[PDB]
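Structure 1 and structure 2 below are the same protein chain in two forms, each given by itself as structure tokens.
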Structure 1
């Protein structure tokens, strides 16, 4: 309905509501009042400070700015003493070093100790870049705050906003960089139609060029890829979404898709038509944070996938899901049942000693020569992909992630058929099979 008018409407899906802005205003006035009362040097950073934050994602970040001659333990103790005193409630989470993540008057706050520094090239972590991120962006992003939100909003409605490992999408900083680079949401989208897996966006040089991987060069530090956590597949998806948008623009690109919620009977039909084996490994969710869990689920599900390939069950795709209590590793394979008999490779006919060993083993059928080499018929211990994985998970849990493996060691189940539809996995199965609306 004309791009200019669709963007206007999306601004209402994207700009946070009234009581949200003023909920942040008073948590920002309370927090100032507490820190000011204590004499701490501080700075508000992140997207709240710049009025670029998405509707629904209100977060205040405050960095404590402590003189360059403070030790690595003295800043770690003192910095958290102020975080106790300033927050309604406090805890010590870790991004790399400890930092207080709590609440003030109903609003998430992160308090972070870090060196007071003028000029970068004098920093230690991802934490010490942040004040410089903010400084670099403040003023350049003025007038363009709504563009950022439109971009964050576009990404979020399509499941690719957030650099955390559950998402492996676009961070807020990345979105603000992009807007500074291209000028607007719409120019970002138009230009991203030509991005490749080798595109280097060098923001500080005003330059796009080719290199080895997708890389957005941090204007604060030229060694840092701001898009380091963006996965290749989400880059691909973004590029394609940008092409689709410019081809037939629509408000629905800023709305989440009315989900599938199909009933067991359609799924039964679909599975029957496809003629695959569909099953899940179920086990108890380890009590670790997301950024630790999701890489483990990815590795577990990859390991089982490779086992199934190697064992000739021809896996099509796999997926994984964490619920409150359980995790699920989900698979679909082209082979529902393989023969009991298989070929085991023996030695070249020349190698007398080793042929003798190969021929010693008692078997039910006679070995044979083919293309100059011995081979023997031997028997598999499992004939379905479900039995295979029972066996693999029982024996090779050690390879399925530190905590994922240890949980599976304690308890796991293979689920197929009508039982698989009693678990909260239907949505994931549908997506994994490309089920249409």
Structure 2
């Protein structure tokens, strides 16, 4: 239908209802009491304070303000104590510095220590500028909360909301800065259509200019880039999503995509139709945080891809899947098998010196002259993609992530054919080959 009509109905998918709101209100209230019965200096921030939390994602963030002089450990010890005392049930967590997380009257709570500061430049850690962002934002985002959610509801449905390494999308702060700059969801979507990989959005100066890379400069620090961890392809996917949304508005842009558990029978057929080589490197998932695992899987998946291209197996694409127990590096190659002999380029006929050394090597077949320079035939140590990765992974387990690599050294295997479609990697495999349905 028409845009406006779609946005109206979409709100019902991103705006929290009376219940969830009340539930959050009474939780918010109780939390302040307990905190004051202890007389603690606190400041509710984040999406909850400013009423811009995507429906069904309720979570109260509470930053504790300690004097600048207090030590790092002092903030941790005392921070922990207060979080322990105030939460129904706690559960320490980490991100640059420890912090306490738990539940109160039934809702998600984060209790984070940080230095009460004046002047964004004295900042010593992520958590320190959070209060500032909140500051800059509360006055400027009032009355637009609902536009913030449409944008969040939009991004999450198309799997690119969060800014953690597992997604490389848009952080919530980024979403609000984009609303403050454009005024509403529609205007944000309309202008995003003209975004490029060299676009710089500066809200403090209220200006859009051409720069070295996608840069949304932080109102609080002209040096920080709010979309810094937003990947090039996810930016590209967003620009393309807006062009489509404006062209064919659909409430279907705010709804998650159906997993589509394709029949393992239809898949084998498709792979046959492609005539390609499809395989996976499996290994035990290192026991580490997703912020560390994913960048590694990307590195590993990447290193092996390049080993394949220079090795001549014409790799189409790579992919990767991490479950609870194992991790899979997926690959598809245009070359199931390649000949054992290949040609290597020798020196020009001109200099007898280099030619002499090149013609002095023990070779199965006689080298020849072509277009002025010498070349030699030679044998490969492997002729299929899987053979190559088996050699490569076994001999280069390092260089594939500190942890990921260390896991491959102790154990790994190559799965192919029927045996692979039985593994939990089908959705990724379909996504990778661009199977449509």
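Residue numbers count along the first chain shown, from 1. Between two forms, the rigid core is defined as the largest C-alpha subset superposing within 1.5 Å.
Colleague: Could you point me to the form solved without the RNA, 1 or 2?
Modeller: Structure 1, which is the form solved without the RNA, differs in this respect from structure 2.
Colleague: Once the rigid core is lined up, just say which one of 270, 107, 163, 141 has a C-alpha that travels 2 Å or more between structures 1 and 2.
Modeller: The one that moves 2 Å or more is 107.
Colleague: State yes or no: after fitting on the rigid core, is the Cα displacement of residue 248 between structures 1 and 2 at least 2 Å?
Modeller: Where the cores coincide, residue 248 shows only a C-alpha shift between structures 1 and 2 that is less than 2 Å.
Colleague: Hey, does residue 334 budge by 2 Å or more at the Cα between structures 1 and 2 once the core is superposed?
Modeller: No, the C-alpha position differs by under 2 Å between structures 1 and 2.
Colleague: Aligned on the rigid core, do the two forms place the Cα of residue 395 2 Å or more apart, comparing between structures 1 and 2?
Modeller: No: residue 395 shifts by under 2 Å between structures 1 and 2.
Colleague: Rigid core superposed, I'd like the Cα shift of residue 29 between structures 1 and 2 in Å.
Modeller: So the C-alpha of this residue moves 1.9 Å.
Colleague: Core-aligned, what does the C-alpha of residue 355 shift between structures 1 and 2, expressed in angstrom?
Modeller: Residue 355 C-alpha displacement between structures 1 and 2, core-aligned: 4.8 Å.
Colleague: Core-aligned, what's the Cα displacement of residue 178 between structures 1 and 2 in Å?
Modeller: Residue shift at the C-alpha: 0.3 Å.
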